[PDB]
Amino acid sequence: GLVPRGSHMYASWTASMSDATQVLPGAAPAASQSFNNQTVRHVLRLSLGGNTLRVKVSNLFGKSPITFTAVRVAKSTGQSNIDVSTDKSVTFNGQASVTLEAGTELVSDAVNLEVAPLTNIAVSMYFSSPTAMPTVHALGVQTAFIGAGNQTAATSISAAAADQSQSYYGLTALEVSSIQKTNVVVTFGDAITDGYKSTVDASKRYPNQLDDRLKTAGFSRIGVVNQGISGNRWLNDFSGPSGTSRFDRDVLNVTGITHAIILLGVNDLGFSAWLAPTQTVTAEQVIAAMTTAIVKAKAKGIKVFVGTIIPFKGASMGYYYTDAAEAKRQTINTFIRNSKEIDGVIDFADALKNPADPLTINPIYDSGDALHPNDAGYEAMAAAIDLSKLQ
């Protein structure tokens, strides 16, 4: 009969935040991006449609407050162009401008704009004052557009092609309302989740390809949101906050989460040979971190799936891949494959391994650095997922 008309918000797009100024031990300080009387227009693909939306902004890693002078949303028509008749002001407790203290995030008021799944919207932010923005999603695999003055409502962003970025600045979630029964699948992980080496602006990240499979099968109310961070590790900060410390924010607290796909750990193994020799971790320490995350998510009623760590022999031999890294990988994957605690294994390693040599990525799926898949590899990852377990 009639679907009960109680409406709810659902995460329809996400990006995990990193501190752009955070660096490895012994590394030189890194500068954050700044804006000064400038507009940045982000573009993002919605997983879930619905009748109204909310924008979550972030100063999580600011060292002092920032002020969003104006925030607007519109349907994107490609590049920096918007459908101007859909342009809406984003307000926060009724205000067009909002100040976020250092370390805080904020969900906007509801915006009355009906949106459809697998379509792109533009979220434009104007910063009138000098604004340090260390809170970013570094690897957007998506062009952002920066221009002078308040261009938040402009049809297109007027500036130089050098005034482009591929990051998201203080923009961490897009939530969309619906009365329909809805699943939200959070993909949690490192660059292989984030989509490094997938084609920029082409929505070829494996979660995008998974989303495509769901909608093709008719499941327009099963959403997939991306909580990958390129370079991320379970047990140590950089790149991005440690998987253990960000798991509550980036998985448990995602609006409407029902399912999680966890693929994380290869950087815990790879970083210790050279990038961070003081941060060696055992397979046991990685398994303990995974266990605690799994327990926390199951206690919330989330279905938890864990991916096996994909082969990476050939990845900067002796400086990322090592025999020690491989032994830890095998121990972790044996633990995953035999775990009775998780709701299911997604054997990404089996889907992507070289049939000629199981310790390497299949050459047809190799972006060329022996570690990150290409578009075909990310599509193959999505094809390896049983859609019935996301119900």
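Numbers for residues come from their place in the sequence shown, where the first is 1.
Original post:
Do the CA atoms of 148-156 or those of 229-237 have the higher mean B-factor in the entry?
Top reply: The stretch with the larger average C-alpha B-factor is 148-156.
**OP:** Between 30-38 and 43-51, point out the one with the higher average CA B-factor as the PDB entry records it.
**Re:** Result of the comparison: 30-38.
Original post:
Which one of 257, 74, 71, 191 shows the top CA temperature factor in the record?
Top reply: Highest C-alpha B-factor among the listed residues goes to 71.
Subject >> Identity of residue with top Cα B-factor, from 134, 307, 207, 78 >> reply: Out of 134, 307, 207, 78, the record gives the largest C-alpha B-factor to 78.
**OP:** Please rank the C-alpha B-factors of the chain's modelled residues and tell me whether residue 317 sits in the lowest, middle or highest third.
**Re:** Ranked within chain, residue 317 CA B lands in the highest tercile.
Original post:
residue 109's Cα B-factor: lowest, middle or highest third of the chain?
Top reply: Residue 109: CA B-factor falls in the highest third of its chain.
Original post:
Lowest, middle or highest third: where is residue 352 by C-alpha B factor in its chain?
Top reply: Ranked within chain, residue 352 CA B lands in the highest tercile.
**OP:** Would you mind checking where the Cα B-factor of residue 299 ranks among the modelled residues of its chain, as the lowest, middle or highest third?
**Re:** As the PDB entry reports it, the C-alpha B-factor of residue 299 lands in the highest third of its chain.
**OP:** Please rank the C-alpha B-factors of the chain's modelled residues and tell me whether residue 328 sits in the lowest, middle or highest third.
**Re:** Residue 328: CA B-factor falls in the middle third of its chain.
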